[PDB]
Amino acid sequence: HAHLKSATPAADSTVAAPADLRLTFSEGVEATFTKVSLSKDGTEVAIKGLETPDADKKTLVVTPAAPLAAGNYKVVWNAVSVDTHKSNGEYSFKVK
Ligand SMILES: [Cu+2]
Ligand SMILES: [Y+3]
């Protein structure tokens, strides 16, 4: 099972807008089977891509279609690990 070890931006942090979201899991994950929702102040934000760029597949990069406006963001993820298993979670962060 892939558990979220950390993310950038971090849960409950306030940051200047990043270029992408980066979730690091306890196990490798599969970008084709994994799903991620992003919302700002309760409104869906468009995701152009998912990818795991590294050989170990532990960091999932979530690329928004456009630059991230200031606001309160919620991330919902449903992961499929290289070990086949499902996991899911949520966290929130702020773009100042
Ligand atoms: Cu498992
Ligand atoms: Y929609």
# chains A, B, ... in the order shown; residues from 1 in each chain; ligands from 1
call {"tool": "residues_near_ligand", "arguments": {"ligand": "ligand 1", "cutoff": "12 Å", "atoms": "only C-alpha atoms and all ligand atoms", "output": "list in words"}}
result
residues 1, 2, 3, 26, 27, 28, 29, 79, 80, 81, 82, 83, 84, 85, 86, 87 and 88 of chain A
call {"tool": "write_last_selection", "arguments": {"atoms": "C-alpha atoms", "output": "short mmCIF file (atom, residue, chain, number, x, y, z; two decimals), in the first residue's frame"}}
result
data_model
loop_
_atom_site.label_atom_id
_atom_site.label_comp_id
_atom_site.auth_asym_id
_atom_site.auth_seq_id
_atom_site.Cartn_x
_atom_site.Cartn_y
_atom_site.Cartn_z
CA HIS A 1 0.00 0.00 0.00
CA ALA A 2 1.32 3.45 -0.94
CA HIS A 3 0.97 5.94 1.95
CA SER A 26 5.93 4.99 0.75
CA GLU A 27 5.88 2.78 -2.39
CA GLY A 28 6.09 3.22 -6.18
CA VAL A 29 2.77 4.20 -7.82
CA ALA A 79 -3.20 5.68 -5.62
CA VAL A 80 -2.37 2.34 -7.20
CA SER A 81 0.99 1.06 -6.00
CA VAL A 82 3.48 -1.08 -7.93
CA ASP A 83 2.42 -3.76 -5.35
CA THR A 84 -1.15 -3.69 -6.99
CA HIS A 85 -2.97 -2.29 -3.91
CA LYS A 86 -5.42 0.66 -3.66
CA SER A 87 -5.00 3.58 -1.20
CA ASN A 88 -6.48 7.07 -0.95
#
call {"tool": "residues_near_ligand", "arguments": {"ligand": "ligand 2", "cutoff": "9 Å", "atoms": "only C-alpha atoms and all ligand atoms", "output": "list in words"}}
result
residues 44, 45 and 46 of chain A
call {"tool": "residues_around", "arguments": {"residues": "residue 39 in chain A", "least_positions_apart": "6", "cutoff": "9 Å", "atoms": "only C-alpha atoms", "output": "list in words"}}
result
residues 45, 46, 72, 73, 74, 75 and 76 of chain A
call {"tool": "closest_residue", "arguments": {"among": "A:91, A:67, A:78, A:50", "to": "residue 18 in chain A", "atoms": "only C-alpha atoms"}}
result
A:67
call {"tool": "atom_distance", "arguments": {"atom1": "CA of residue 20 in chain A", "atom2": "CA of residue 63 in chain A"}}
result
4.9 Å
call {"tool": "select_by_dssp", "arguments": {"residues": "chain A", "states": "strand (DSSP E or B)", "output": "PyMOL selection string"}}
result
chain A and resi 4-8+14-15+21-25+29+35-40+43-44+47-51+59-64+71-81+86-95
call {"tool": "residues_around", "arguments": {"residues": "residue 19 in chain A", "least_positions_apart": "6", "cutoff": "12 Å", "atoms": "only C-alpha atoms", "output": "PyMOL selection string"}}
result
chain A and resi 8-9+61-69+95
call {"tool": "write_last_selection", "arguments": {"atoms": "N, CA, C and O atoms", "output": "mmCIF file, in the first residue's frame"}}
result
data_model
loop_
_atom_site.group_PDB
_atom_site.id
_atom_site.type_symbol
_atom_site.label_atom_id
_atom_site.label_comp_id
_atom_site.auth_asym_id
_atom_site.auth_seq_id
_atom_site.Cartn_x
_atom_site.Cartn_y
_atom_site.Cartn_z
ATOM 1 N N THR A 8 4.737 18.431 -1.824
ATOM 2 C CA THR A 8 4.997 19.860 -2.021
ATOM 3 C C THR A 8 3.930 20.411 -2.956
ATOM 4 O O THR A 8 3.601 19.779 -3.965
ATOM 5 N N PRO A 9 3.338 21.550 -2.576
ATOM 6 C CA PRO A 9 3.403 22.107 -1.229
ATOM 7 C C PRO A 9 2.920 21.146 -0.124
ATOM 8 O O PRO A 9 2.160 20.194 -0.379
ATOM 9 N N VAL A 61 4.121 13.541 -9.843
ATOM 10 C CA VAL A 61 4.066 14.911 -10.259
ATOM 11 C C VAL A 61 2.696 15.165 -10.906
ATOM 12 O O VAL A 61 2.328 14.501 -11.859
ATOM 13 N N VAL A 62 1.959 16.134 -10.367
ATOM 14 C CA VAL A 62 0.667 16.506 -10.864
ATOM 15 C C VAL A 62 0.799 17.895 -11.458
ATOM 16 O O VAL A 62 1.031 18.842 -10.708
ATOM 17 N N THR A 63 0.590 17.997 -12.769
ATOM 18 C CA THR A 63 0.802 19.188 -13.530
ATOM 19 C C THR A 63 -0.550 19.825 -13.820
ATOM 20 O O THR A 63 -1.381 19.208 -14.485
ATOM 21 N N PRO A 64 -0.812 21.053 -13.297
ATOM 22 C CA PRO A 64 -2.039 21.782 -13.592
ATOM 23 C C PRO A 64 -2.005 22.280 -15.033
ATOM 24 O O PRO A 64 -0.919 22.468 -15.556
ATOM 25 N N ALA A 65 -3.187 22.519 -15.619
ATOM 26 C CA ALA A 65 -3.302 22.997 -17.012
ATOM 27 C C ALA A 65 -2.807 24.439 -17.132
ATOM 28 O O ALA A 65 -2.342 24.867 -18.208
ATOM 29 N N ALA A 66 -2.938 25.190 -16.038
ATOM 30 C CA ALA A 66 -2.537 26.593 -15.963
ATOM 31 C C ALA A 66 -1.936 26.893 -14.593
ATOM 32 O O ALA A 66 -2.095 26.116 -13.642
ATOM 33 N N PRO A 67 -1.258 28.052 -14.450
ATOM 34 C CA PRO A 67 -0.692 28.459 -13.172
ATOM 35 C C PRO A 67 -1.774 28.586 -12.099
ATOM 36 O O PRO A 67 -2.912 28.885 -12.393
ATOM 37 N N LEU A 68 -1.370 28.246 -10.879
ATOM 38 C CA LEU A 68 -2.231 28.141 -9.739
ATOM 39 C C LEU A 68 -2.458 29.517 -9.122
ATOM 40 O O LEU A 68 -1.497 30.185 -8.681
ATOM 41 N N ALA A 69 -3.732 29.914 -9.096
ATOM 42 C CA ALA A 69 -4.160 31.152 -8.477
ATOM 43 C C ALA A 69 -4.098 31.006 -6.950
ATOM 44 O O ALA A 69 -4.017 29.894 -6.456
ATOM 45 N N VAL A 95 -2.222 28.747 -1.227
ATOM 46 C CA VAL A 95 -1.361 29.553 -2.077
ATOM 47 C C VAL A 95 -1.655 31.020 -1.747
ATOM 48 O O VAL A 95 -2.770 31.477 -2.012
#
call {"tool": "closest_residue", "arguments": {"among": "A:24, A:35, A:59, A:42", "to": "residue 92 in chain A", "atoms": "only C-alpha atoms"}}
result
A:42
